[PDB]
Every structure is written in C-alpha cells, then in structure tokens.
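Undergrad: Mind having a look at this structure? Questions to follow.
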Amino acid sequence: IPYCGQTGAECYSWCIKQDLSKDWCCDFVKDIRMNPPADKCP
C-alpha cells in the first residue's frame, strides 16, 4: 500500500474520508489515471 495504494477501488476509500460527496471521489480517483471499480460509482 504505497501512497494512494495500488488500484482505484482501494483509493476510493481514502478520498471519501474528506467528506465532500460520493461524486467528489468518483471524479478524483478516476482522474488520477487509475482503474476505478464498477461496484462503487454508478
């Protein structure tokens, strides 16, 4: 588990700790050229 982590799913858990919005992270971990999972953001 390096900086953000390995994949996007795992990182999707940190961005939320910011308490901004469910779409806030969906657009963040997805903008980091990562591979977000399909079971987190519809």
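All residue names refer to the structure tokens as shown: chains lettered A, B, ... in order, residues numbered from 1 in each chain, ligands numbered from 1 in order.
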Need the shell around residue 24 in chain A: protein/DNA/RNA residues with any atom at most 12 Å away, counting only C-alpha atoms. Skip same-chain ones fewer than 6 positions apart. Format as an mmCIF file with C-alpha atoms, in the first residue's frame?

TA:
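Result went into result-v9.cif, see below:
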```cif
data_model
loop_
_atom_site.group_PDB
_atom_site.id
_atom_site.type_symbol
_atom_site.label_atom_id
_atom_site.label_comp_id
_atom_site.auth_asym_id
_atom_site.auth_seq_id
_atom_site.Cartn_x
_atom_site.Cartn_y
_atom_site.Cartn_z
ATOM 1 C CA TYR A 12 -11.802 5.307 -3.496
ATOM 2 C CA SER A 13 -11.945 4.683 0.281
ATOM 3 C CA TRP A 14 -9.493 7.484 1.194
ATOM 4 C CA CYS A 15 -10.956 10.286 -0.972
ATOM 5 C CA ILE A 16 -14.307 9.789 0.812
ATOM 6 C CA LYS A 17 -12.729 10.462 4.231
ATOM 7 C CA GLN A 18 -12.686 14.088 3.013
ATOM 8 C CA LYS A 30 -10.870 8.368 -11.736
ATOM 9 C CA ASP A 31 -8.886 11.476 -12.764
ATOM 10 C CA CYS A 41 -19.745 4.659 -8.607
#
```

Undergrad: Go through A:8, A:36, A:42, A:2 and flag the residue nearest residue 23 in chain A, using only C-alpha atoms for the distances.

TA: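 So, comparing all the options, the nearest one is A:42.
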